[PDB]
Amino acid sequence: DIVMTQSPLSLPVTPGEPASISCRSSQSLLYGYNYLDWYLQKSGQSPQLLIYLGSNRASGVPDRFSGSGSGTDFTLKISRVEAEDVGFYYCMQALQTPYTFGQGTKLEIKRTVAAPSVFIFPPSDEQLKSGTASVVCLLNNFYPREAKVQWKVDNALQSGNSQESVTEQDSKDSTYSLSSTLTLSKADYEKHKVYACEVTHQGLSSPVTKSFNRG
Amino acid sequence: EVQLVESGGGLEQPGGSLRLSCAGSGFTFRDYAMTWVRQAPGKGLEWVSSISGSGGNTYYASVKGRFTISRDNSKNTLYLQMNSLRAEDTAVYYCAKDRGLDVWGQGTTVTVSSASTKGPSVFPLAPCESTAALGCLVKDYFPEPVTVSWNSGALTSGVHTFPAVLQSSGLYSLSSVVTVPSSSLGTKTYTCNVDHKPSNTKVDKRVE
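Residues numbered from 1 in each chain as written, not as in the entry; some residues may be left out. Chains lettered and ligands numbered in written order. Heavy atoms only, no water. Residues with missing side-chain atoms left out of burial classes, pairs and counts.

By the method listed in its record, X-ray crystallography, this PDB entry was determined to a resolution of 1.9900 Å.

Under the PDB entry, chain B has the name Dupilumab Fab heavy chain and belongs to Homo sapiens. Within the Protein Data Bank, this record goes by the title "Crystal structure of the fab portion of dupilumab".

Per the PDB entry, chain A goes by the name Dupilumab Fab light chain and belongs to Homo sapiens.

**Q** Honestly, the pattern of salt bridges in this entry has me stumped. Any pointers?
**A** Residue and element names in this part refer to chain B. Applying the stated criterion across every chain, the model contains 14 salt bridges over all chains. Ionic pairing is found between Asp89 and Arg38, a salt bridge with its closest N-O pair at 3.1 Å. Taking the relative accessible area as the measure of exposure, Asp89 reaches 1% and is therefore buried. Two residues, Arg66 and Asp89, come together in a salt bridge whose shortest N-O distance is 2.7 Å. Taken as a pair, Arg66 in the loop between β6 (58-60) and β7 (67-72) and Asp89 in the loop between β8 (77-82) and β9 (91-97) lie far apart in primary sequence, 23 residues in all. (Salt bridge = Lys/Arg side-chain N within 4 Å of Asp/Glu carboxyl O. Buried < 20%, exposed > 50% of the residue type's maximum accessible area, 1.4 Å probe, protein only. Helix = DSSP H or I, 4+ residues; strand = E, 2+ residues; numbered from the N terminus.)

**Q** Hey, could you run me through the sheet that holds strand β7 (residues 65-70) of chain A in this one?
**A** Paired through backbone hydrogen bonds, the strands of a sheet run either parallel or antiparallel to each other. Residue and element names in this part refer to chain A. In spatial order, the strands read β1-β3-β8-β7; together these 4 strands make up an open sheet with antiparallel pairing. Each having just a single partner strand, β1 (4-7) and β7 make up the two edges of the open sheet. Neighbour-to-neighbour, the strand axes of the sheet open up by a mean angle of 15°, direction not taken into account. Sheet topology note: the strand β3 (residues 19-25)/strand β8 (residues 73-78) ladder contains 6 bridges and is antiparallel. Across the sheet, residue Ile21 finds its bridge partner in β8, namely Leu76. (Pairing = 2+ DSSP bridges. Axes fitted to C-alpha atoms, helices over the stretch in contact; angles between N-to-C directions.)

Below you can see the structure in the form of structure tokens.
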């Protein structure tokens, strides 16, 4: 097959600055007809055509995106990046079956530091009934992505009994959000009183703690 | 309005089979080559197969003698017969309009696994000062995906539906949350609308 080599793999950009992505093929794709396309896939969406046949923009794709190149060497440029541009960009050869794609480039948006708003949720009575307690902590709308969540139960530090998930960077405000779930048996839940989620983040002068008390 | 709508994804054990369909609207279906592309959980894009406008020519990636691409122009429908399923076949499969790939379906999920279908339990997330949060915890389901909207789709601002995490049990859990003005908390309704098609489970839960 034709190998498609794409770089960089990660592309941090502040809105209004340009961005460039290169794609190098292991064989010429000039059949002025270069069979190379550019696709973008935003979080949770299908891929969408940005450029086809090297340089031709898909129907509603704006001026600020362009494709150029010939032979084995191609470049997607975005002359001015917007927050909504966040996503993964892939090059693809349609010269020959099998169509093959680059490794993909993650375009990340840079913005100012933003402290999470933090919230703790108790387990529902509904849940408690079936014999399990999930306690949830939410860090809403923060930047940058690195954040530390520390669960505490009657002031004991927990480890090994939580899981965390992080949203993809928001396309409006370029923040992330994170949810961490502490899972305990109902029996354990009922042994202890004080449940706390402590959050450390760049935007926070000192760690923020949210808590509740089982009664 | 050119549109591709896929269905027929779901869960099967390895060696099993699944049929995917992709229905086209708003163009002459017969005039175009049609293509299947897949994306494995957390991976990039990978070409699977193509079929010409007439269905006279077919092309295949690893799928050679397991998968069959076909089309029925009379219904404007593309097909991917998937037999002898393997673990590596687990992915979101997109349909795309070909001879760039200018229009793509929404995708349909295919999971190949020893594990069986299980519908989720949905639990409210609510406080035990200007902004408040509420959510739904969608616990212990298999396979992916689940869909979550709020207020039947009327609430989209401040919603975050988190990636599911695989629990040690081998079942997924996810939360979906929205932040809202605290002052509205007495008078407005917040309802999460959860759908897990593989188990035919739908739940509307008004979170108080």
